[PDB]
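Pasted below: start_22.pdb, PDB, C-alpha atoms and all ligand atoms.
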```
ATOM      1  CA  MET A   1     -60.515 -24.238-145.835  1.00  0.00           C
ATOM      2  CA  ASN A   2     -63.905 -25.708-144.916  1.00  0.00           C
ATOM      3  CA  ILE A   3     -65.747 -29.047-144.974  1.00  0.00           C
ATOM      4  CA  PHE A   4     -66.857 -28.701-148.570  1.00  0.00           C
ATOM      5  CA  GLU A   5     -63.371 -27.933-149.907  1.00  0.00           C
ATOM      6  CA  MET A   6     -61.933 -30.644-147.704  1.00  0.00           C
ATOM      7  CA  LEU A   7     -64.284 -33.329-149.058  1.00  0.00           C
ATOM      8  CA  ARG A   8     -63.833 -32.089-152.663  1.00  0.00           C
ATOM      9  CA  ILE A   9     -60.147 -32.748-152.323  1.00  0.00           C
ATOM     10  CA  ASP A  10     -60.655 -36.212-150.781  1.00  0.00           C
ATOM     11  CA  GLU A  11     -63.323 -37.473-153.124  1.00  0.00           C
ATOM     12  CA  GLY A  12     -62.680 -35.580-156.339  1.00  0.00           C
ATOM     13  CA  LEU A  13     -65.453 -34.866-158.889  1.00  0.00           C
ATOM     14  CA  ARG A  14     -66.593 -37.270-161.670  1.00  0.00           C
ATOM     15  CA  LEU A  15     -69.662 -36.608-163.790  1.00  0.00           C
ATOM     16  CA  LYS A  16     -70.050 -40.122-165.083  1.00  0.00           C
ATOM     17  CA  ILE A  17     -70.766 -43.193-163.010  1.00  0.00           C
ATOM     18  CA  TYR A  18     -67.579 -44.666-161.561  1.00  0.00           C
ATOM     19  CA  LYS A  19     -66.443 -47.245-159.039  1.00  0.00           C
ATOM     20  CA  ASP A  20     -65.192 -46.140-155.603  1.00  0.00           C
ATOM     21  CA  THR A  21     -62.264 -47.549-153.718  1.00  0.00           C
ATOM     22  CA  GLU A  22     -64.393 -50.527-152.599  1.00  0.00           C
ATOM     23  CA  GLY A  23     -65.730 -51.146-156.114  1.00  0.00           C
ATOM     24  CA  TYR A  24     -69.195 -49.616-155.588  1.00  0.00           C
ATOM     25  CA  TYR A  25     -71.001 -47.499-158.123  1.00  0.00           C
ATOM     26  CA  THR A  26     -70.672 -43.847-157.294  1.00  0.00           C
ATOM     27  CA  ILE A  27     -71.023 -40.466-158.959  1.00  0.00           C
ATOM     28  CA  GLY A  28     -70.267 -36.795-158.410  1.00  0.00           C
ATOM     29  CA  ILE A  29     -68.374 -35.950-155.283  1.00  0.00           C
ATOM     30  CA  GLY A  30     -68.288 -39.328-153.627  1.00  0.00           C
ATOM     31  CA  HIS A  31     -72.061 -39.901-153.859  1.00  0.00           C
ATOM     32  CA  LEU A  32     -72.595 -43.677-153.395  1.00  0.00           C
ATOM     33  CA  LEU A  33     -75.321 -44.976-155.562  1.00  0.00           C
ATOM     34  CA  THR A  34     -75.487 -48.652-154.757  1.00  0.00           C
ATOM     35  CA  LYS A  35     -73.510 -51.515-153.341  1.00  0.00           C
ATOM     36  CA  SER A  36     -75.136 -53.740-155.906  1.00  0.00           C
ATOM     37  CA  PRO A  37     -72.948 -55.103-158.633  1.00  0.00           C
ATOM     38  CA  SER A  38     -75.406 -54.140-161.346  1.00  0.00           C
ATOM     39  CA  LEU A  39     -74.800 -51.005-163.514  1.00  0.00           C
ATOM     40  CA  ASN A  40     -78.443 -50.939-164.247  1.00  0.00           C
ATOM     41  CA  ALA A  41     -79.438 -50.757-160.639  1.00  0.00           C
ATOM     42  CA  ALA A  42     -76.870 -47.974-160.386  1.00  0.00           C
ATOM     43  CA  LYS A  43     -78.398 -46.082-163.256  1.00  0.00           C
ATOM     44  CA  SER A  44     -81.793 -46.484-161.764  1.00  0.00           C
ATOM     45  CA  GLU A  45     -80.632 -45.066-158.437  1.00  0.00           C
ATOM     46  CA  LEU A  46     -78.947 -42.184-160.213  1.00  0.00           C
ATOM     47  CA  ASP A  47     -82.145 -41.267-162.062  1.00  0.00           C
ATOM     48  CA  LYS A  48     -84.193 -41.384-158.935  1.00  0.00           C
ATOM     49  CA  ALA A  49     -81.653 -39.213-157.106  1.00  0.00           C
ATOM     50  CA  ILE A  50     -81.512 -36.526-159.835  1.00  0.00           C
ATOM     51  CA  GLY A  51     -85.057 -36.656-160.928  1.00  0.00           C
ATOM     52  CA  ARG A  52     -84.540 -37.251-164.658  1.00  0.00           C
ATOM     53  CA  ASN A  53     -83.587 -39.912-167.148  1.00  0.00           C
ATOM     54  CA  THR A  54     -79.873 -39.452-167.051  1.00  0.00           C
ATOM     55  CA  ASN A  55     -77.898 -41.741-169.288  1.00  0.00           C
ATOM     56  CA  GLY A  56     -75.329 -42.207-166.346  1.00  0.00           C
ATOM     57  CA  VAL A  57     -73.972 -38.661-166.787  1.00  0.00           C
ATOM     58  CA  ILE A  58     -74.860 -35.559-164.722  1.00  0.00           C
ATOM     59  CA  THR A  59     -73.900 -31.914-164.812  1.00  0.00           C
ATOM     60  CA  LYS A  60     -71.641 -30.028-162.419  1.00  0.00           C
ATOM     61  CA  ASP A  61     -74.610 -28.331-160.935  1.00  0.00           C
ATOM     62  CA  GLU A  62     -76.357 -31.653-160.287  1.00  0.00           C
ATOM     63  CA  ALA A  63     -73.187 -33.002-158.727  1.00  0.00           C
ATOM     64  CA  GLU A  64     -72.998 -30.032-156.396  1.00  0.00           C
ATOM     65  CA  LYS A  65     -76.562 -30.361-155.381  1.00  0.00           C
ATOM     66  CA  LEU A  66     -76.117 -34.009-154.405  1.00  0.00           C
ATOM     67  CA  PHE A  67     -72.911 -32.898-152.555  1.00  0.00           C
ATOM     68  CA  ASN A  68     -74.784 -30.281-150.491  1.00  0.00           C
ATOM     69  CA  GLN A  69     -77.444 -32.826-149.576  1.00  0.00           C
ATOM     70  CA  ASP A  70     -74.825 -35.380-148.617  1.00  0.00           C
ATOM     71  CA  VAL A  71     -72.916 -33.021-146.329  1.00  0.00           C
ATOM     72  CA  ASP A  72     -76.179 -31.944-144.714  1.00  0.00           C
ATOM     73  CA  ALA A  73     -77.120 -35.538-144.185  1.00  0.00           C
ATOM     74  CA  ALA A  74     -73.735 -36.383-142.621  1.00  0.00           C
ATOM     75  CA  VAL A  75     -74.105 -33.626-140.091  1.00  0.00           C
ATOM     76  CA  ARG A  76     -77.632 -34.616-139.188  1.00  0.00           C
ATOM     77  CA  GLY A  77     -76.551 -38.151-138.869  1.00  0.00           C
ATOM     78  CA  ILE A  78     -73.965 -37.145-136.306  1.00  0.00           C
ATOM     79  CA  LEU A  79     -76.421 -34.958-134.374  1.00  0.00           C
ATOM     80  CA  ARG A  80     -78.934 -37.673-134.201  1.00  0.00           C
ATOM     81  CA  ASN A  81     -76.576 -40.391-133.095  1.00  0.00           C
ATOM     82  CA  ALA A  82     -76.239 -40.935-129.428  1.00  0.00           C
ATOM     83  CA  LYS A  83     -72.617 -41.916-129.640  1.00  0.00           C
ATOM     84  CA  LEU A  84     -71.495 -39.251-132.045  1.00  0.00           C
ATOM     85  CA  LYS A  85     -73.329 -36.255-130.864  1.00  0.00           C
ATOM     86  CA  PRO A  86     -71.473 -35.858-127.591  1.00  0.00           C
ATOM     87  CA  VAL A  87     -68.161 -36.164-129.407  1.00  0.00           C
ATOM     88  CA  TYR A  88     -68.999 -33.620-132.028  1.00  0.00           C
ATOM     89  CA  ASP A  89     -70.247 -31.195-129.345  1.00  0.00           C
ATOM     90  CA  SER A  90     -66.989 -31.477-127.521  1.00  0.00           C
ATOM     91  CA  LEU A  91     -64.763 -30.663-130.451  1.00  0.00           C
ATOM     92  CA  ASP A  92     -63.492 -27.364-131.860  1.00  0.00           C
ATOM     93  CA  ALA A  93     -64.571 -26.290-135.383  1.00  0.00           C
ATOM     94  CA  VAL A  94     -61.611 -27.726-137.315  1.00  0.00           C
ATOM     95  CA  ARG A  95     -61.835 -31.152-135.662  1.00  0.00           C
ATOM     96  CA  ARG A  96     -65.556 -31.224-136.226  1.00  0.00           C
ATOM     97  CA  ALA A  97     -64.791 -31.161-139.928  1.00  0.00           C
ATOM     98  CA  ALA A  98     -62.652 -34.274-139.511  1.00  0.00           C
ATOM     99  CA  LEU A  99     -65.505 -36.138-137.879  1.00  0.00           C
ATOM    100  CA  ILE A 100     -67.920 -35.156-140.658  1.00  0.00           C
ATOM    101  CA  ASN A 101     -65.412 -36.423-143.216  1.00  0.00           C
ATOM    102  CA  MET A 102     -65.274 -39.824-141.589  1.00  0.00           C
ATOM    103  CA  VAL A 103     -69.056 -40.062-141.452  1.00  0.00           C
ATOM    104  CA  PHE A 104     -69.311 -39.017-145.049  1.00  0.00           C
ATOM    105  CA  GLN A 105     -66.931 -41.828-146.039  1.00  0.00           C
ATOM    106  CA  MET A 106     -68.157 -44.592-143.887  1.00  0.00           C
ATOM    107  CA  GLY A 107     -71.482 -43.790-142.531  1.00  0.00           C
ATOM    108  CA  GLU A 108     -72.797 -43.043-139.115  1.00  0.00           C
ATOM    109  CA  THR A 109     -72.930 -46.584-138.121  1.00  0.00           C
ATOM    110  CA  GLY A 110     -69.379 -47.188-139.154  1.00  0.00           C
ATOM    111  CA  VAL A 111     -67.980 -44.288-137.277  1.00  0.00           C
ATOM    112  CA  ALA A 112     -70.123 -44.916-134.222  1.00  0.00           C
ATOM    113  CA  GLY A 113     -68.223 -48.175-134.032  1.00  0.00           C
ATOM    114  CA  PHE A 114     -64.874 -46.471-133.195  1.00  0.00           C
ATOM    115  CA  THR A 115     -65.728 -46.665-129.536  1.00  0.00           C
ATOM    116  CA  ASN A 116     -62.384 -46.319-127.990  1.00  0.00           C
ATOM    117  CA  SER A 117     -61.226 -43.601-130.438  1.00  0.00           C
ATOM    118  CA  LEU A 118     -64.333 -41.601-129.779  1.00  0.00           C
ATOM    119  CA  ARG A 119     -63.782 -41.697-126.021  1.00  0.00           C
ATOM    120  CA  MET A 120     -60.193 -40.477-126.512  1.00  0.00           C
ATOM    121  CA  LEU A 121     -61.312 -37.606-128.754  1.00  0.00           C
ATOM    122  CA  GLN A 122     -63.860 -36.599-126.177  1.00  0.00           C
ATOM    123  CA  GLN A 123     -61.125 -36.601-123.574  1.00  0.00           C
ATOM    124  CA  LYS A 124     -58.894 -34.489-125.837  1.00  0.00           C
ATOM    125  CA  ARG A 125     -56.128 -37.131-125.839  1.00  0.00           C
ATOM    126  CA  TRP A 126     -55.096 -36.325-129.407  1.00  0.00           C
ATOM    127  CA  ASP A 127     -52.025 -38.412-129.880  1.00  0.00           C
ATOM    128  CA  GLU A 128     -53.497 -41.333-128.204  1.00  0.00           C
ATOM    129  CA  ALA A 129     -56.591 -41.105-130.356  1.00  0.00           C
ATOM    130  CA  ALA A 130     -54.458 -40.778-133.465  1.00  0.00           C
ATOM    131  CA  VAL A 131     -52.723 -44.039-132.803  1.00  0.00           C
ATOM    132  CA  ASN A 132     -55.921 -45.789-132.011  1.00  0.00           C
ATOM    133  CA  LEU A 133     -57.613 -44.488-135.099  1.00  0.00           C
ATOM    134  CA  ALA A 134     -54.729 -45.913-137.161  1.00  0.00           C
ATOM    135  CA  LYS A 135     -55.360 -49.488-136.036  1.00  0.00           C
ATOM    136  CA  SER A 136     -58.318 -49.912-138.360  1.00  0.00           C
ATOM    137  CA  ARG A 137     -59.304 -51.331-141.665  1.00  0.00           C
ATOM    138  CA  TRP A 138     -60.133 -47.771-142.684  1.00  0.00           C
ATOM    139  CA  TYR A 139     -56.536 -46.714-142.230  1.00  0.00           C
ATOM    140  CA  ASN A 140     -55.098 -49.751-143.995  1.00  0.00           C
ATOM    141  CA  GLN A 141     -57.395 -49.469-146.946  1.00  0.00           C
ATOM    142  CA  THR A 142     -57.233 -45.691-147.569  1.00  0.00           C
ATOM    143  CA  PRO A 143     -54.098 -44.643-145.716  1.00  0.00           C
ATOM    144  CA  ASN A 144     -53.394 -41.304-147.365  1.00  0.00           C
ATOM    145  CA  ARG A 145     -56.841 -40.058-146.731  1.00  0.00           C
ATOM    146  CA  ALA A 146     -56.894 -41.463-143.199  1.00  0.00           C
ATOM    147  CA  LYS A 147     -53.527 -39.841-142.480  1.00  0.00           C
ATOM    148  CA  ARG A 148     -54.981 -36.464-143.485  1.00  0.00           C
ATOM    149  CA  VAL A 149     -58.017 -36.883-141.309  1.00  0.00           C
ATOM    150  CA  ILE A 150     -55.985 -38.139-138.345  1.00  0.00           C
ATOM    151  CA  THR A 151     -53.534 -35.207-138.668  1.00  0.00           C
ATOM    152  CA  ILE A 152     -56.451 -32.877-138.257  1.00  0.00           C
ATOM    153  CA  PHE A 153     -57.470 -34.630-134.995  1.00  0.00           C
ATOM    154  CA  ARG A 154     -53.906 -34.501-133.814  1.00  0.00           C
ATOM    155  CA  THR A 155     -53.193 -30.879-134.572  1.00  0.00           C
ATOM    156  CA  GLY A 156     -56.401 -28.971-134.849  1.00  0.00           C
ATOM    157  CA  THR A 157     -55.231 -27.126-137.948  1.00  0.00           C
ATOM    158  CA  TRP A 158     -55.838 -27.539-141.720  1.00  0.00           C
ATOM    159  CA  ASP A 159     -52.184 -27.993-142.610  1.00  0.00           C
ATOM    160  CA  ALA A 160     -52.743 -31.526-143.921  1.00  0.00           C
ATOM    161  CA  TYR A 161     -54.947 -30.127-146.599  1.00  0.00           C
ATOM    162  CA  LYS A 162     -52.718 -27.195-147.473  1.00  0.00           C
TER
HETATM  163 CL    CL A 201     -80.254 -39.140-152.794  1.00  0.00          CL
HETATM  164 CL    CL A 202     -55.953 -43.042-149.646  1.00  0.00          CL
END
```

Rewrite the structure of this file - the entire thing - as C-alpha cells.
Ligand SMILES: [Cl-]
Ligand SMILES: [Cl-]
Amino acid sequence: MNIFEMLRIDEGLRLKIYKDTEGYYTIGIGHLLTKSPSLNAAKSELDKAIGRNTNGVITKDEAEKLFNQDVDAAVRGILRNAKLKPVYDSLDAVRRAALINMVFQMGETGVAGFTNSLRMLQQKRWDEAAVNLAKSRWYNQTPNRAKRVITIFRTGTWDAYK
C-alpha cells in the first residue's frame, strides 16, 4: 500500500465531471475544479487544467497526471506550512500518508486548523488523538473515510485499507 493507492480507494476515478460529497464540481481522482455552482465555470477550469478543449470528459492518462500533481501539491503544502511541517516530520511513514490524505481532502488550511489533534499526534498520543479527531465536522460528514484515516493514526499499519 502507498499514498497513491490509498487515495485511489478513497476518491475513486471518474472521467466525466461529477459532484463531490459537498456538491462541488470535480473530476478524475478527487480533483476539485470549482466551488462555483456553474457547470460552465467547471468546464472552463477543466480545460485550463488539461490544456485542451475537453467537452467535460478526460482520459485515464489525463486523470492520472492531475492526480500526480495533486499529491505533489499536498505534500508541498504540508512542508511549507508552519503548523503541519513539524507534525509530518515527527511521524513514521505510514502515518505520514494519513496526514497527506487529510490535506488532499480538505486543504492545508483546513487541516492546519486541527490544533489540538495535531499536538496530540506530535506527542504520539494515538488514542487520544483519535478521539479528538472524531469530534469534527469532517468525521460526521464522511465517517467511513474518516474512520479509515483515524485507524491509521491509531495503529500505524495499513489494515484499514486492506
Ligand atoms: Cl490544476
Ligand atoms: Cl465516508

Output check: residues returned by the PyMOL selection byres (((chain A and resi 46) around 12) and not hetatm), as an mmCIF file with C-alpha atoms, keeping the file's coordinate frame:
```cif
data_model
loop_
_atom_site.group_PDB
_atom_site.id
_atom_site.type_symbol
_atom_site.label_atom_id
_atom_site.label_comp_id
_atom_site.auth_asym_id
_atom_site.auth_seq_id
_atom_site.Cartn_x
_atom_site.Cartn_y
_atom_site.Cartn_z
ATOM 1 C CA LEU A 15 -69.662 -36.608 -163.790
ATOM 2 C CA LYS A 16 -70.050 -40.122 -165.083
ATOM 3 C CA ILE A 17 -70.766 -43.193 -163.010
ATOM 4 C CA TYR A 18 -67.579 -44.666 -161.561
ATOM 5 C CA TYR A 25 -71.001 -47.499 -158.123
ATOM 6 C CA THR A 26 -70.672 -43.847 -157.294
ATOM 7 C CA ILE A 27 -71.023 -40.466 -158.959
ATOM 8 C CA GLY A 28 -70.267 -36.795 -158.410
ATOM 9 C CA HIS A 31 -72.061 -39.901 -153.859
ATOM 10 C CA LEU A 32 -72.595 -43.677 -153.395
ATOM 11 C CA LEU A 33 -75.321 -44.976 -155.562
ATOM 12 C CA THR A 34 -75.487 -48.652 -154.757
ATOM 13 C CA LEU A 39 -74.800 -51.005 -163.514
ATOM 14 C CA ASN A 40 -78.443 -50.939 -164.247
ATOM 15 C CA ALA A 41 -79.438 -50.757 -160.639
ATOM 16 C CA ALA A 42 -76.870 -47.974 -160.386
ATOM 17 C CA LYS A 43 -78.398 -46.082 -163.256
ATOM 18 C CA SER A 44 -81.793 -46.484 -161.764
ATOM 19 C CA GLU A 45 -80.632 -45.066 -158.437
ATOM 20 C CA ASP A 47 -82.145 -41.267 -162.062
ATOM 21 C CA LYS A 48 -84.193 -41.384 -158.935
ATOM 22 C CA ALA A 49 -81.653 -39.213 -157.106
ATOM 23 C CA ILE A 50 -81.512 -36.526 -159.835
ATOM 24 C CA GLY A 51 -85.057 -36.656 -160.928
ATOM 25 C CA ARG A 52 -84.540 -37.251 -164.658
ATOM 26 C CA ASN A 53 -83.587 -39.912 -167.148
ATOM 27 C CA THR A 54 -79.873 -39.452 -167.051
ATOM 28 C CA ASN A 55 -77.898 -41.741 -169.288
ATOM 29 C CA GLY A 56 -75.329 -42.207 -166.346
ATOM 30 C CA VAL A 57 -73.972 -38.661 -166.787
ATOM 31 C CA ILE A 58 -74.860 -35.559 -164.722
ATOM 32 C CA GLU A 62 -76.357 -31.653 -160.287
ATOM 33 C CA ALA A 63 -73.187 -33.002 -158.727
ATOM 34 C CA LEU A 66 -76.117 -34.009 -154.405
#
```

- request: Quote the spacing between atom CA of residue 139 of chain A and atom CA of residue 154 of chain A in Å to one decimal place.
  value: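 Interatomic distance here is 15.1 Å.
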
Given only C-alpha atoms as the counted atoms, nearest of A:151, A:68, A:117, A:36 to residue 95 of chain A: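 That would be A:151, the residue with the smallest distance to residue 95 of chain A.
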
task: Residues within 6 Å of ligand CL 202 (chain A) should be enumerated using all atoms listed in the file and returned as an NGL selection string.
output: :A and (142-145)

task: Step by step, work through what the PyMOL selection byres (((chain A and resi 146) around 10) and not hetatm) selects in the shown file, and finish by giving those residues as a ChimeraX atom specification.
output: /A:10,98,101-102,133-134,136,138-145,147-152

Could you pull segment 65-80 of chain A out of the structure just shown and give N, CA, C and O atoms as a compact mmCIF listing (two decimals), in the first residue's frame?
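What ended up in decode37.txt:
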```txt
# COMPACT_ATOMS: atom_id res chain seq x y z
N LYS A 65 -2.43 12.19 -14.45
CA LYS A 65 -1.49 13.27 -14.42
C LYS A 65 -1.96 14.31 -13.44
O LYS A 65 -1.17 14.84 -12.68
N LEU A 66 -3.28 14.62 -13.44
CA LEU A 66 -3.76 15.59 -12.45
C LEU A 66 -3.57 15.00 -11.02
O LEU A 66 -3.31 15.72 -10.06
N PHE A 67 -3.74 13.69 -10.89
CA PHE A 67 -3.57 13.00 -9.59
C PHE A 67 -2.16 13.19 -9.07
O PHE A 67 -1.93 13.67 -7.94
N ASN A 68 -1.17 12.87 -9.91
CA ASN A 68 0.25 13.09 -9.51
C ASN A 68 0.51 14.53 -9.05
O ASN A 68 1.16 14.78 -8.05
N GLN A 69 0.01 15.51 -9.81
CA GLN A 69 0.22 16.88 -9.45
C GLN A 69 -0.39 17.17 -8.11
O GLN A 69 0.18 17.91 -7.29
N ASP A 70 -1.62 16.65 -7.91
CA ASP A 70 -2.35 16.93 -6.68
C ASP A 70 -1.68 16.33 -5.43
O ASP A 70 -1.64 16.96 -4.37
N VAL A 71 -1.10 15.14 -5.58
CA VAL A 71 -0.42 14.54 -4.44
C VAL A 71 0.83 15.35 -4.13
O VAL A 71 1.09 15.73 -3.00
N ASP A 72 1.57 15.69 -5.20
CA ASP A 72 2.75 16.52 -5.04
C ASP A 72 2.39 17.84 -4.34
O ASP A 72 3.01 18.28 -3.37
N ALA A 73 1.35 18.48 -4.79
CA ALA A 73 0.96 19.70 -4.16
C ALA A 73 0.56 19.50 -2.69
O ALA A 73 0.73 20.38 -1.88
N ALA A 74 -0.05 18.38 -2.34
CA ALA A 74 -0.47 18.21 -0.94
C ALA A 74 0.77 18.12 -0.05
O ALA A 74 0.88 18.77 1.02
N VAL A 75 1.73 17.35 -0.53
CA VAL A 75 2.97 17.23 0.25
C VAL A 75 3.63 18.60 0.43
O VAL A 75 4.01 18.99 1.51
N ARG A 76 3.77 19.35 -0.64
CA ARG A 76 4.45 20.61 -0.55
C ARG A 76 3.72 21.59 0.35
O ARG A 76 4.27 22.43 1.08
N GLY A 77 2.45 21.42 0.35
CA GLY A 77 1.60 22.26 1.17
C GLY A 77 1.88 21.97 2.64
O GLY A 77 1.92 22.86 3.47
N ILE A 78 2.08 20.71 2.96
CA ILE A 78 2.39 20.34 4.34
C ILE A 78 3.76 20.90 4.72
O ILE A 78 3.95 21.52 5.78
N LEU A 79 4.73 20.69 3.84
CA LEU A 79 6.12 21.09 4.12
C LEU A 79 6.30 22.56 4.26
O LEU A 79 7.18 23.02 4.94
N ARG A 80 5.43 23.30 3.62
CA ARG A 80 5.52 24.72 3.68
C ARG A 80 4.72 25.32 4.82
O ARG A 80 4.88 26.46 5.15
```
